[PDB]
file start_37.cif (mmCIF, C-alpha atoms and all ligand atoms)
data_input
loop_
_atom_site.group_PDB
_atom_site.id
_atom_site.type_symbol
_atom_site.label_atom_id
_atom_site.label_comp_id
_atom_site.auth_asym_id
_atom_site.auth_seq_id
_atom_site.Cartn_x
_atom_site.Cartn_y
_atom_site.Cartn_z
ATOM 1 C CA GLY I 1 -7.675 21.705 -1.609
ATOM 2 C CA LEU I 2 -6.124 18.623 -3.159
ATOM 3 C CA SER I 3 -8.716 19.053 -5.928
ATOM 4 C CA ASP I 4 -9.035 17.613 -9.400
ATOM 5 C CA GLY I 5 -5.665 18.868 -10.662
ATOM 6 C CA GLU I 6 -3.839 17.720 -7.537
ATOM 7 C CA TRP I 7 -5.602 14.353 -7.594
ATOM 8 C CA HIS I 8 -4.881 13.732 -11.283
ATOM 9 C CA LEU I 9 -1.265 14.721 -10.786
ATOM 10 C CA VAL I 10 -0.780 12.363 -7.830
ATOM 11 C CA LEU I 11 -2.618 9.552 -9.606
ATOM 12 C CA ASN I 12 -0.557 9.917 -12.801
ATOM 13 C CA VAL I 13 2.789 10.279 -11.039
ATOM 14 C CA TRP I 14 1.944 7.200 -8.976
ATOM 15 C CA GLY I 15 0.896 5.286 -12.102
ATOM 16 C CA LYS I 16 4.116 6.271 -13.901
ATOM 17 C CA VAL I 17 6.460 5.464 -11.028
ATOM 18 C CA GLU I 18 4.509 2.242 -10.632
ATOM 19 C CA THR I 19 4.074 0.984 -14.207
ATOM 20 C CA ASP I 20 6.203 -2.085 -13.412
ATOM 21 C CA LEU I 21 3.480 -4.256 -11.824
ATOM 22 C CA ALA I 22 5.499 -7.230 -10.571
ATOM 23 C CA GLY I 23 8.595 -5.315 -9.489
ATOM 24 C CA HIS I 24 6.531 -2.538 -7.952
ATOM 25 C CA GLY I 25 4.330 -4.746 -5.775
ATOM 26 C CA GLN I 26 7.200 -6.965 -4.629
ATOM 27 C CA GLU I 27 9.497 -4.079 -3.685
ATOM 28 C CA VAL I 28 6.749 -2.312 -1.749
ATOM 29 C CA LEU I 29 5.784 -5.499 0.081
ATOM 30 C CA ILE I 30 9.390 -6.369 0.990
ATOM 31 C CA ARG I 31 10.176 -2.889 2.343
ATOM 32 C CA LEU I 32 6.997 -2.665 4.341
ATOM 33 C CA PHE I 33 7.797 -6.076 5.851
ATOM 34 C CA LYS I 34 11.450 -5.400 6.672
ATOM 35 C CA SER I 35 10.457 -1.867 7.606
ATOM 36 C CA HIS I 36 7.769 -3.171 9.942
ATOM 37 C CA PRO I 37 8.607 -6.842 10.568
ATOM 38 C CA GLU I 38 5.317 -6.732 12.490
ATOM 39 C CA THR I 39 4.325 -7.234 8.885
ATOM 40 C CA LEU I 40 6.536 -10.310 8.593
ATOM 41 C CA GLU I 41 4.796 -11.669 11.691
ATOM 42 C CA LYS I 42 1.236 -11.093 10.434
ATOM 43 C CA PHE I 43 2.370 -12.776 7.233
ATOM 44 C CA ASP I 44 1.580 -16.472 7.653
ATOM 45 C CA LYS I 45 1.867 -16.071 3.916
ATOM 46 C CA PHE I 46 5.671 -16.338 3.870
ATOM 47 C CA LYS I 47 8.078 -16.622 6.804
ATOM 48 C CA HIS I 48 10.302 -19.557 6.020
ATOM 49 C CA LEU I 49 12.220 -16.597 4.639
ATOM 50 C CA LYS I 50 13.488 -13.662 6.680
ATOM 51 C CA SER I 51 16.638 -12.379 5.008
ATOM 52 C CA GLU I 52 18.132 -9.838 2.661
ATOM 53 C CA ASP I 53 18.091 -11.828 -0.584
ATOM 54 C CA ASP I 54 14.907 -13.653 0.428
ATOM 55 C CA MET I 55 12.890 -10.440 0.672
ATOM 56 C CA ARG I 56 14.952 -8.793 -2.049
ATOM 57 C CA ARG I 57 13.736 -11.053 -4.849
ATOM 58 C CA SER I 58 11.225 -13.640 -3.630
ATOM 59 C CA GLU I 59 8.637 -15.563 -5.630
ATOM 60 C CA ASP I 60 5.651 -15.025 -3.322
ATOM 61 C CA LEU I 61 6.875 -11.509 -2.562
ATOM 62 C CA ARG I 62 6.691 -10.469 -6.218
ATOM 63 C CA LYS I 63 3.313 -12.216 -6.554
ATOM 64 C CA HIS I 64 1.885 -10.086 -3.738
ATOM 65 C CA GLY I 65 3.649 -7.002 -5.063
ATOM 66 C CA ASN I 66 1.440 -7.157 -8.164
ATOM 67 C CA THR I 67 -1.846 -7.618 -6.308
ATOM 68 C CA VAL I 68 -0.840 -4.708 -4.039
ATOM 69 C CA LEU I 69 0.197 -2.445 -6.916
ATOM 70 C CA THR I 70 -2.938 -3.274 -8.936
ATOM 71 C CA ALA I 71 -5.521 -2.706 -6.145
ATOM 72 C CA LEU I 72 -4.365 0.753 -5.027
ATOM 73 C CA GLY I 73 -4.936 1.736 -8.638
ATOM 74 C CA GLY I 74 -8.690 1.858 -8.053
ATOM 75 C CA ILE I 75 -8.710 3.620 -4.685
ATOM 76 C CA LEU I 76 -6.808 6.617 -6.123
ATOM 77 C CA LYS I 77 -8.493 6.606 -9.541
ATOM 78 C CA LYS I 78 -12.129 7.063 -8.546
ATOM 79 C CA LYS I 79 -10.426 10.443 -8.052
ATOM 80 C CA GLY I 80 -13.475 11.089 -5.911
ATOM 81 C CA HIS I 81 -14.190 7.750 -4.247
ATOM 82 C CA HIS I 82 -11.528 5.041 -4.174
ATOM 83 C CA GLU I 83 -14.635 3.216 -2.938
ATOM 84 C CA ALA I 84 -14.701 1.034 -6.075
ATOM 85 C CA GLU I 85 -15.058 -2.315 -4.341
ATOM 86 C CA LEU I 86 -12.645 -0.937 -1.779
ATOM 87 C CA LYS I 87 -15.160 -2.097 0.818
ATOM 88 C CA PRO I 88 -14.148 -5.640 -0.150
ATOM 89 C CA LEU I 89 -10.510 -5.084 0.777
ATOM 90 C CA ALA I 90 -11.575 -3.319 3.970
ATOM 91 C CA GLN I 91 -13.779 -6.248 5.050
ATOM 92 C CA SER I 92 -10.954 -8.626 4.144
ATOM 93 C CA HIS I 93 -8.429 -6.820 6.334
ATOM 94 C CA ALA I 94 -11.020 -6.406 9.103
ATOM 95 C CA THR I 95 -11.354 -10.189 9.274
ATOM 96 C CA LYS I 96 -7.778 -11.325 8.630
ATOM 97 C CA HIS I 97 -5.030 -8.792 7.890
ATOM 98 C CA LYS I 98 -6.460 -6.001 10.063
ATOM 99 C CA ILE I 99 -5.361 -2.389 9.557
ATOM 100 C CA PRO I 100 -2.975 -2.694 12.531
ATOM 101 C CA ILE I 101 -2.329 0.855 13.704
ATOM 102 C CA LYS I 102 0.594 2.783 12.268
ATOM 103 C CA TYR I 103 0.956 -0.278 10.007
ATOM 104 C CA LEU I 104 -0.956 1.492 7.252
ATOM 105 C CA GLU I 105 0.753 4.806 7.942
ATOM 106 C CA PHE I 106 4.057 3.058 7.438
ATOM 107 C CA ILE I 107 2.878 1.278 4.274
ATOM 108 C CA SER I 108 1.616 4.587 2.911
ATOM 109 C CA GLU I 109 4.802 6.490 3.798
ATOM 110 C CA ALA I 110 7.110 3.793 2.396
ATOM 111 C CA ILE I 111 5.176 3.470 -0.846
ATOM 112 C CA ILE I 112 5.351 7.268 -1.161
ATOM 113 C CA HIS I 113 9.126 7.623 -0.803
ATOM 114 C CA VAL I 114 9.723 4.471 -2.844
ATOM 115 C CA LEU I 115 7.806 5.698 -5.872
ATOM 116 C CA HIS I 116 9.226 9.200 -6.058
ATOM 117 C CA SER I 117 12.740 7.816 -5.808
ATOM 118 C CA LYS I 118 12.101 5.157 -8.459
ATOM 119 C CA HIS I 119 10.798 6.997 -11.503
ATOM 120 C CA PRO I 120 11.607 10.639 -10.773
ATOM 121 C CA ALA I 121 12.785 13.158 -11.176
ATOM 122 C CA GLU I 122 9.450 14.582 -10.231
ATOM 123 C CA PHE I 123 9.600 14.710 -6.441
ATOM 124 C CA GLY I 124 7.792 17.859 -7.499
ATOM 125 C CA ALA I 125 7.255 19.104 -3.947
ATOM 126 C CA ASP I 126 3.583 19.702 -4.537
ATOM 127 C CA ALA I 127 3.348 16.188 -6.011
ATOM 128 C CA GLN I 128 5.134 14.493 -3.060
ATOM 129 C CA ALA I 129 2.656 16.226 -0.754
ATOM 130 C CA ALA I 130 -0.487 15.001 -2.531
ATOM 131 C CA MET I 131 0.927 11.487 -2.873
ATOM 132 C CA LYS I 132 1.440 11.155 0.874
ATOM 133 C CA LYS I 133 -1.738 13.126 1.577
ATOM 134 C CA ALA I 134 -3.478 10.769 -0.829
ATOM 135 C CA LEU I 135 -2.379 7.644 1.046
ATOM 136 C CA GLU I 136 -3.555 9.421 4.191
ATOM 137 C CA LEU I 137 -7.028 9.856 2.689
ATOM 138 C CA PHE I 138 -7.218 6.191 1.709
ATOM 139 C CA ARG I 139 -6.188 5.103 5.208
ATOM 140 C CA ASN I 140 -8.716 7.328 6.989
ATOM 141 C CA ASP I 141 -11.512 5.920 4.803
ATOM 142 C CA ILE I 142 -10.638 2.266 5.345
ATOM 143 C CA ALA I 143 -10.425 2.634 9.119
ATOM 144 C CA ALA I 144 -13.715 4.540 9.399
ATOM 145 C CA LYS I 145 -15.260 1.647 7.499
ATOM 146 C CA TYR I 146 -13.640 -0.979 9.756
ATOM 147 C CA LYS I 147 -14.382 0.402 13.209
ATOM 148 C CA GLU I 148 -17.870 1.689 12.520
ATOM 149 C CA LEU I 149 -19.373 -1.131 10.462
ATOM 150 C CA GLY I 150 -16.651 -3.777 10.344
ATOM 151 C CA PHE I 151 -16.124 -4.645 14.011
ATOM 152 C CA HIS I 152 -15.287 -1.599 16.139
ATOM 153 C CA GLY I 153 -16.857 -3.099 19.262
HETATM 154 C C1 LIG J 201 -2.889 -0.488 0.573
HETATM 155 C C2 LIG J 201 -2.613 -1.539 1.298
HETATM 156 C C3 LIG J 201 -3.077 -3.013 1.078
HETATM 157 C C4 LIG J 201 -3.742 -3.407 -0.050
HETATM 158 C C5 LIG J 201 -4.426 -2.581 -1.156
HETATM 159 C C6 LIG J 201 -3.852 -4.823 0.305
HETATM 160 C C7 LIG J 201 -4.561 -5.677 -0.517
HETATM 161 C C8 LIG J 201 -4.628 -6.993 -0.479
HETATM 162 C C9 LIG J 201 -5.305 -7.919 -1.167
HETATM 163 C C10 LIG J 201 -6.219 -7.417 -2.660
HETATM 164 C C11 LIG J 201 -5.320 -9.170 -0.747
HETATM 165 C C12 LIG J 201 -5.844 -10.416 -1.462
HETATM 166 C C13 LIG J 201 -6.727 -11.050 -0.417
HETATM 167 C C14 LIG J 201 -7.527 -9.853 0.499
HETATM 168 O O1 LIG J 201 -7.699 -9.668 0.278
HETATM 169 O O2 LIG J 201 -7.364 -9.849 1.181
HETATM 170 C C15 LIG J 201 -4.416 -9.002 0.295
HETATM 171 C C16 LIG J 201 -4.249 -10.010 1.069
HETATM 172 C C17 LIG J 201 -3.469 -9.951 2.261
HETATM 173 N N1 LIG J 201 -2.846 -8.816 2.803
HETATM 174 FE FE1 LIG J 201 -3.151 -6.973 1.965
HETATM 175 N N2 LIG J 201 -3.162 -5.204 1.197
HETATM 176 C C18 LIG J 201 -2.577 -4.083 1.830
HETATM 177 C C19 LIG J 201 -1.951 -4.063 3.039
HETATM 178 C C20 LIG J 201 -1.699 -4.976 3.753
HETATM 179 C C21 LIG J 201 -0.880 -4.903 4.854
HETATM 180 C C22 LIG J 201 -0.280 -3.629 5.385
HETATM 181 C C23 LIG J 201 -0.778 -6.130 5.348
HETATM 182 C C24 LIG J 201 -0.159 -6.556 6.772
HETATM 183 C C25 LIG J 201 0.494 -5.492 7.449
HETATM 184 C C26 LIG J 201 -1.526 -6.998 4.618
HETATM 185 C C27 LIG J 201 -1.705 -8.357 4.930
HETATM 186 C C28 LIG J 201 -2.409 -9.125 3.883
HETATM 187 C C29 LIG J 201 -2.448 -10.598 4.280
HETATM 188 C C30 LIG J 201 -1.952 -11.393 5.269
HETATM 189 C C31 LIG J 201 -3.193 -11.003 2.986
HETATM 190 C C32 LIG J 201 -3.541 -12.452 2.841
HETATM 191 C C33 LIG J 201 -2.301 -13.236 3.027
HETATM 192 C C34 LIG J 201 -2.325 -14.334 1.822
HETATM 193 O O3 LIG J 201 -2.571 -14.074 1.210
HETATM 194 O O4 LIG J 201 -2.046 -14.922 1.983
HETATM 195 N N3 LIG J 201 -1.999 -6.342 3.641
HETATM 196 N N4 LIG J 201 -4.154 -7.649 0.499
#
call {"tool": "encode", "arguments": {"input": "start_37.cif", "output": "structure tokens"}}
result
Amino acid sequence: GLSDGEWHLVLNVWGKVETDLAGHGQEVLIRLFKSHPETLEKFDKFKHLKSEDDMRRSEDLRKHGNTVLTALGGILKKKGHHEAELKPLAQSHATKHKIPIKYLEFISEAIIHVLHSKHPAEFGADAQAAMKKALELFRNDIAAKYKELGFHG
């Protein structure tokens, strides 16, 4: 399974493709948003904006991009337990920016494709796989947390 090697690989590749903090975060955020405008909606953060250029290269956007980029770092690293202070994020989302269904799947997917494309020319099939699979893992964890000791019912 996934294992050490796999994990490392994914992690590194990610890290490499990512490298560009600001850009990285912003791009991801924008896509997600335009991808799943549901995102736009949830965002009370920014919404005066809602167009091509606006998302393309927006102040706030970029700002969030970094935070986004940065955070994931941990989750994947632990290369055993992205549970750094991942709980924190989880709680956060639970309360405000909930893990709205497919939302995360989308995020994950988009991020995946984005990266590979950006700083290839890995795509290394095996690599692509983990990457996506990795996001999957993350997602599963967060939700379990949420439902079972976050709110749930
Ligand atoms: C891997 C995915 C995500 C990571 C690691 C993440 C992380 C962060 C972080 C570290 C914060 C700073 C405050 C807090 O914590 O909450 C933030 C805030 C926030 N995120 Fe996320 N985020 C992700 C996904 C999402 C998604 C998918 C959305 C909505 C679909 C979302 C909506 C928010 C909102 C609304 C805030 C606060 C808005 C504001 O700041 O103003 N986030 N997120």
call {"tool": "atom_distance", "arguments": {"input": "start_37.cif", "atom1": "atom CA of residue I:96", "atom2": "atom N1 of ligand LIG 201 (chain J)"}}
result
8.0 Å
call {"tool": "resolve_selection", "arguments": {"input": "start_37.cif", "expression": "the PyMOL selection byres (((not hetatm)) within 7 of (chain J and resi 201))", "output": "list in words"}}
result
residues 39, 42, 43, 44, 45, 67, 68, 71, 72, 89, 92, 93, 96, 97, 99, 100, 103, 104 and 107 of chain I
call {"tool": "resolve_selection", "arguments": {"input": "start_37.cif", "expression": "the PyMOL selection byres (((chain I and resi 73) around 12) and not hetatm)", "output": "PyMOL selection string"}}
result
chain I and resi 10-16+18-19+21+25+66-72+74-79+81-86+135+138
call {"tool": "closest_residue", "arguments": {"input": "start_37.cif", "among": "I:113, I:119, I:31, I:36", "to": "residue I:55", "atoms": "all atoms listed in the file"}}
result
I:31
call {"tool": "axis_aligned_box", "arguments": {"input": "start_37.cif", "around": "stretch 9-26 of chain I", "padding_each_side": "5 Å", "output": "AutoDock Vina command-line options"}}
result
--center_x 3.0 --center_y 3.7 --center_z -9.4 --size_x 21.2 --size_y 32.0 --size_z 19.6
call {"tool": "resolve_selection", "arguments": {"input": "start_37.cif", "expression": "the PyMOL selection byres (((chain I and resi 57) around 12) and not hetatm)", "output": "PyMOL selection string"}}
result
chain I and resi 22-31+49-56+58-65
call {"tool": "atom_distance", "arguments": {"input": "start_37.cif", "atom1": "atom CA of residue I:94", "atom2": "atom CA of residue I:131"}}
result
24.6 Å
call {"tool": "atom_distance", "arguments": {"input": "start_37.cif", "atom1": "atom CA of residue I:120", "atom2": "atom CA of residue I:80"}}
result
25.6 Å
call {"tool": "closest_residue", "arguments": {"input": "start_37.cif", "among": "I:112, I:9, I:17, I:40", "to": "residue I:126", "atoms": "only C-alpha atoms"}}
result
I:9
call {"tool": "closest_residue", "arguments": {"input": "start_37.cif", "among": "I:32, I:101, I:134, I:121", "to": "residue I:1", "atoms": "all atoms listed in the file"}}
result
I:134
call {"tool": "closest_residue", "arguments": {"input": "start_37.cif", "among": "I:124, I:20, I:47, I:102", "to": "residue I:140", "atoms": "only C-alpha atoms"}}
result
I:102
call {"tool": "closest_residue", "arguments": {"input": "start_37.cif", "among": "I:3, I:144, I:41, I:132", "to": "residue I:116", "atoms": "all atoms listed in the file"}}
result
I:132
